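Shown below, as structure tokens, is a lone chain in the form deposited in one PDB entry; questions about how it binds or moves come after it.
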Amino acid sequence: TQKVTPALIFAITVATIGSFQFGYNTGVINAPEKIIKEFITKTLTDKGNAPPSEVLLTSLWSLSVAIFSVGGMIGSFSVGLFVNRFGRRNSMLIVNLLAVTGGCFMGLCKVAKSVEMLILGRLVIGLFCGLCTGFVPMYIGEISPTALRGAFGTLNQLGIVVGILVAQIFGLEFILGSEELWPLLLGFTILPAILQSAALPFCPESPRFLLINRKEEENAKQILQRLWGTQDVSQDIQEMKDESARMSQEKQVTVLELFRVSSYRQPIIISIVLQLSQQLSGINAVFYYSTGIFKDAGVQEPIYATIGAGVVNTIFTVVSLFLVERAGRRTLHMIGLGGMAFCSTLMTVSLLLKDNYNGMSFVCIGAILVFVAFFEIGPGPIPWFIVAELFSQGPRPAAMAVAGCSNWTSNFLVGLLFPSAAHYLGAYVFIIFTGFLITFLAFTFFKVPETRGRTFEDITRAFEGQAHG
């Protein structure tokens, strides 16, 4: 009875612009490293100072890159401050002031000759993207029909990887990745923010937020009826009234409370672990260093191979989308972790043997592409939307603040620790990721419940049922 209306597509698509922003700002900074380091050097000396040492330049560059994650840690953790006060839709509209501000700091830092503005820009756009990674799956999770909640939740990741791909393409030297236009490469982030801000007033508020948080049952029902193209929404409305009664009977949920309450501990531990399984897969280490590895394996044009990876990244997100309601979250997440374990292992083996057996070069190239395919089969999309599935209305903002922050914090740690680990371990460094992949494969199989097609009420009651034992 519930259809996919133009209204629903529009509301979800508009939400995923935030996803695009996350992906774009993640990937964009990589291509113009040399150019930006030149800018940093030219700025220091133009201001009278001595030219920076290679160490200082590296430090200032690493800061420009990493400060984005720091902002993301802060932003993701702060989503609880917004979504209950302003609502989900209005939160997304409001924080675009951050996107535009951040983008202007980056777009203007060069002409302003300000390394500080660049760093500040990346911090602010980090804050924005961190809020987005929380806002978007929360919104999509609360407006999607139950039977398509996973598929629609995968559109979040799809926007992210399209963001990354567009970032890679713009980053080409004959596009925006030149010494003249790189401020525009960074400042581009303002355009999606302007577009999304114009469209967001015409998106509905979460009917779940309206009914359960604001006790506006009639408003919620009318929204549902339009969004899903049917007058008959009694099943969903009554589920929401059930959640409303629950929320009124439970204390206001805090972050610390999630680790205290047995009923909350199981899903938050699952939520957190599943974020680590995404980041501690090594996906961002692999993707970033793919260019160097491709080159070392003999790819004559390693940049085009890395764009090829980004294309593979996109194609298999779409595959996940058409498979997550049929196969379920468990199966897809486990296939991806397992397949990535195979490939990261194969990266180590091929890299160890390629100088003695040159055919292993091609295996190394293949292992990277296939790794990326396995990543988007499950561990890419699922952890971003599944946290919204594991909680009822009351705990969900605080949980997604905590989970989201754990996702950002672990990507920070990987960025921070991988180069040192790579230095000492060489090719063996990927066995570290293999270890995490295998550990989380076991965790998933044994500890992660199937959430496909189930109401939040069922899932929550099951967790409570287990907590009663």
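Numbers follow the displayed sequence, beginning with 1. Rigid core: the largest C-alpha set superposing within 1.5 Å between the two forms.
The same protein also exists as the form deposited in another entry; that form is not shown, yet it is the one meant from here on.
Measuring CA movement between the shown form and the other one with the rigid core aligned, the set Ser244, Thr331, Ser197, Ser361 has one residue at 2 Å or more: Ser361. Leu93 shows a C-alpha shift below 2 Å between the shown form and the other one [criterion: core-superposed Cα displacement of 2 Å]. For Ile303, a C-alpha deviation of 2 angstroms or more is recorded between the shown form and the other one after rigid-core alignment. Core-superposed comparison between the shown form and the other one: the CA of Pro419 stays below a 2 Å shift. Between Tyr289 and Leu353, the Cα spacing is smaller in that other deposited form than in the shown form, differing by no less than 3 Å. Annotation for the pair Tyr288/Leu353: C-alpha atoms approach each other in that other deposited form, by 3 Å or more compared with this form.
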